[PDB]
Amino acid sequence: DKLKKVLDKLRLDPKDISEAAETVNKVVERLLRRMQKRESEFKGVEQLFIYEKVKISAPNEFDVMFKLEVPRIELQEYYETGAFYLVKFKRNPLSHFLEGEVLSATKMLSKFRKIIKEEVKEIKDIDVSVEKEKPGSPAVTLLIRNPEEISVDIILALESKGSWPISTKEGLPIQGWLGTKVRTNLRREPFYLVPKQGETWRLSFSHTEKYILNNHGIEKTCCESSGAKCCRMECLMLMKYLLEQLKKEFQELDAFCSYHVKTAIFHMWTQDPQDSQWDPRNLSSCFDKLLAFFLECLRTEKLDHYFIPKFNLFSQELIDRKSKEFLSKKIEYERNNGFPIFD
């Protein structure tokens, strides 16, 4: 029952989130108007996506993706990484960001940021400012004061209606969970490229991950009014909040982010697909088997990207050995001591 008490404060109330929704929505609208106006290279920019823009267990933290349809691209995998690609064109206004024969991500992102910095300064109604360029952030972040501090990440992305790259052929292993009809439909949706050398883009499946979170059960009536409740989402909130609180205390956990937890629980939902395996009456058992699974990913240094199997997030090149051991010690400490961090 202790975990249910922690979830009681982690659930977003619709009243406090609605005042932020009204503020975030209109600011993104005004930014979208300007991108479609005058002589900006981002004329056909549209928003990708309410509760979808909010970060799950992070109140008043928001994500917005500005997609740009580019149907004239030719992808080239960058050094067999599977996730990073160089974009080329077969046979126009995006030539300003072209560097030789490859479209520069840094040139487009820097110009994309100048247009956002000019509009945030032309706004004097709500007091909003642009972050300084973070090292690991392609998005342009906005600090909105409500007076409640609100952060909104504006991610520039390229939309491609073509087929998903070959590196995702064995990705999305939901055949024994969400089924093959769902997998075929999801893979027929477009895929996205966000900047991350300076001219390489990385694949983004935020739209697909959003669908899986809202359609997580093997039964269609899962977590509905006329259906059974499960604790899949509750285990994700507890696991994400545990890692967030651990990053607040120790700077040694900088190499870990929320997407590792999200990736690890997707594999758990694939390994344990049955809705009965995530009964809310067994929340402590479900959260512990998720912890044990995450610790196995840390100690074996194996956490494959759920869409790109060849790409290992916990590889030795990405995260060093001392950080994984450090995180493993802290996770085992709270796992045996009743999780004192939640207090």
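Each residue number is its position in the shown sequence, starting from 1.
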{"query": "Continuity check for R91 and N92, given as deposited residues lacking coordinates between them", "finding": "4 to 9"}
{"query": "Residues of the deposited sequence left unbuilt between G217 and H216", "finding": "none"}
{"query": "Stretch with the higher entry mean CA B-factor, where the candidates are 187-195 and 98-106", "finding": "98-106"}
{"query": "Mean C-alpha B-factor comparison - 118-126 and 259-267, higher one", "finding": "118-126"}
{"query": "Residue selected from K210, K132, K247, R232 by maximal Cα B factor", "finding": "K132"}
{"query": "Top residue by Cα temperature factor, when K310, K55, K67, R299 are compared in the entry", "finding": "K55"}
{"query": "Ranked against its chain, the third holding the CA B-factor of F42", "finding": "highest"}
{"query": "Cα B factor band for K289 (lowest, middle or highest third within the chain)", "finding": "middle"}
{"query": "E148 - which third its CA temperature factor falls in, relative to the rest of the chain", "finding": "highest"}
{"query": "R72 CA temperature factor, ranked by third within the chain", "finding": "highest"}
{"query": "Chain-wide C-alpha B factor ranking for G136, given as lowest, middle or highest third", "finding": "highest"}
